[PDB]
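To start, the structure itself, in structure tokens.
In this analysis, Cβ positions are derived from the backbone assuming ideal geometry, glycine residues included, and neighbour counts consider all displayed protein chains. Only the coordinates and a few stated rules stand behind these numbers; no lab work does.
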Amino acid sequence: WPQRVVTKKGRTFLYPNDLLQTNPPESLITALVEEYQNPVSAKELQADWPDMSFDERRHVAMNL
Amino acid sequence: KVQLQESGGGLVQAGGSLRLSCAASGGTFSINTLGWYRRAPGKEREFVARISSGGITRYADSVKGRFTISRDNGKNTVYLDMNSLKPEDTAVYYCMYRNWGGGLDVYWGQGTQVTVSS
């Protein structure tokens, strides 16, 4: 506490602190821009994040 | 593997109050954003209302204060309580299921007709 997390898909963020922010973990932004090659989804993730619940925030970070 | 069955809706007269409901199945719900889009007779899909997994409502300016969107976790249903309807609100109302996980898929319902006359 706080423990660095490595998700299956090889993303990194500091749990839980990186999920308690208005912005999503920077690892998820990069993944969506470069790997998924879809920058509009990354900017669309930024818009949903503040209104998301913690459970959804965790779920998204784990599987993205 | 994700079902969206909408119910309610019909024909009401101006000033009335209709209620739309949409039920989801086949995946998660509590950790999902649901909402409603409507397409007027000659127009294109238009945002009406959103509600996030955290329970945060977003409304379009035209329908704000009149329409109210709510969700029922544990029943896998989202409700849109329309009040003081107007002829311009006549449109096919579609359900929305906004799930991320894999990388943002968006699912729609088949639609429910809503017509306001007089």
Using a Förster distance of 25 Å, the FRET efficiency for residue B:86-residue B:3 (Cβ separation, nearest 0.05): 0.20
- prompt: Per residue of A:54-61, what is the mean number of Cβ atoms on other protein chains within 10 angstrom of that residue's Cβ?
  reply: 5
- line: Inter-chain shielding metric for B:96-103, i.e. average beta-carbon neighbours from other chains within 10 angstrom, reads 5
field: nm² value of the averaged projected area, convex hull over the Cα atoms of the protein assembly as shown
entry: 11.2 nm²
- prompt: What average count of beta carbons from other chains do you get within 10 Å of the Cβ of residues in B:28-39?
  reply: 2
message: With Kirkwood's inverse mean 1/r over C-alpha pairs for Rh, give me the Rg to Rh ratio of chain B, two decimals please.
response: 0.96
- request: Provide the FRET efficiency to the nearest 0.05 for the residue B:57-residue A:6 pair, computing r from the beta carbons and using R0 = 30 Å.
  value: 0.25
task: Taking 7 Å along the Cα-to-C-beta vector as the label spot, tell me the residue A:41-residue B:113 distance in nanometres, rounded to one decimal.
output: 3.7 nm
query: How big is the shadow of the Cα convex hull of chain A, averaged over all directions, in nm²?
result: 3.8 nm²
field: Pairs of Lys in chain B closer than 23 Å at Cα, counting only those 8 or more apart or on different chains
entry: 4
message: Give me a comma-separated list of calculated 3J(HN,Hα) values for region B:23-30, in order, Karplus coefficients 6.51, -1.76, 1.60 applied at θ = phi - 60°, integers in Hz, x for any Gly or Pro.
response: 10, 10, 7, x, x, 7, 9, 3
query: Which chymotrypsin sites (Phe, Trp or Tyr not before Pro) in chain A pass both tests, a DSSP loop state and at most 12 other beta-carbon atoms within 10 Å?
result: none
